[PDB]
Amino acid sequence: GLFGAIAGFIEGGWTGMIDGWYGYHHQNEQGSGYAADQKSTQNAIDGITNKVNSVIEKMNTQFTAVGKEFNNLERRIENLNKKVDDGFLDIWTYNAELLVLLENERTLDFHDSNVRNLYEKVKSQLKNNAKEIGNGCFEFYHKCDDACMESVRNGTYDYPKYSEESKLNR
């Protein structure tokens, strides 16, 4: 999208990862599987939860609102009263609909940013020790087992450990 990650360089999503919004699918000698990223999924939940609450806060509930009557000699006053009701209605409908459209654009771009940022967090951990394929996948040069995989989706990947990579890298 606005950040070329979602529906971009990562063409599609995963109906298979049900633990969260963003995550990994690592494939191993031990096997395959999906795993959601808590750290980044929770910050997205905290922010979106906060966005929705902020919107509701600005829109105060409406209290007792009844109509007024007017006699046949108060048409000007009756029309003034109607103009105000219709006026205030035009404005709150406008604001409500318009605020949603705008924040909907923002929210979708918020997720897009989060995927891009997660991808680039991993990419800068691995560097040489893997090659970027395309669909947001990293092909390892040095072989990462279940335990090693967990250090990548954990922010504790160890580069140096891995010039084995420099061997398979050619």
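When you see a residue number, it is the position in the sequence shown, counting from 1. Rigid core: the largest C-alpha set superposing within 1.5 Å between the two forms.
Exercise. Say the other structures are aligned on the rigid core; which stretch then has the higher CA RMS in 5 other deposited structures of this protein, 151 to 159 or 9 to 17?
Worked result: Greater root mean square C-alpha distance in 5 other deposited structures of this protein: 151 to 159.
Problem set entry | Entry-level comparison of average CA B-factors, 35 to 43 and 57 to 65, reporting the higher stretch | It is 57 to 65.
Exercise. For the C-alpha atoms alone, is the average B factor greater in 138 to 146 or in 105 to 113, going by the entry?
Worked result: Taking the mean C-alpha B-factor of 105 to 113 and of 138 to 146, the larger value falls to 138 to 146.
Exercise. Looking at the C-alpha B-factor of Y162, is it in the lowest, middle or highest third of its chain?
Worked result: Highest third of the chain for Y162's C-alpha B-factor.
Problem set entry | Ranked C-alpha temperature factor of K127 among modelled chain residues, by third | Ranked within chain, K127 CA B lands in the middle tercile.
For this session: Name the third of the chain's ranked CA B-factors that contains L168, choosing lowest, middle or highest.
Result: According to the entry, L168 has a C-alpha B-factor in the chain's highest third.
Exercise. Relative to the other modelled residues in the chain, which third contains the C-alpha temperature factor of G12: lowest, middle or highest?
Worked result: Within its chain, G12 is a highest-third residue by C-alpha B-factor, going by the deposited values.
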